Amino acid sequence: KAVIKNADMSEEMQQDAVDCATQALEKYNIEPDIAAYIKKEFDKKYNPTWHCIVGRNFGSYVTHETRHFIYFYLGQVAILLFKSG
């Protein structure tokens, strides 16, 4: 049920992102608990420093390392995952 709106990252890192959000939703309800679970996994997997937003209604303007940004919908939420710093 993932729908990838915008991205700048390897199709293989996008999948990973989604699998990680999927896992995040199987075990968290609260938007900031979901975000942190994902953020910390990507730090682990792909080194720091990542940022993740989990929300039903937001927008944003961020800067990210080239090839390391994704924004998508999963479930009833929108996920923004990107690396910067």
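Quick note: we count residues from 1 along the sequence shown, nothing fancier.
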Out of 81, 3, 7, 78, which shows the largest CA B-factor listed in the entry? 3
Check where residue 36 lands among this chain's C-alpha B-factors and tell me if it's the lowest, middle or highest third. highest
How does the C-alpha B factor of residue 49 compare with the rest of the chain: lowest, middle or highest third? lowest
What third of its chain, lowest, middle or highest, does the C-alpha temperature factor of residue 21 fall into? middle
Of the three thirds of its chain by CA temperature factor, lowest, middle or highest, which one includes residue 72? lowest
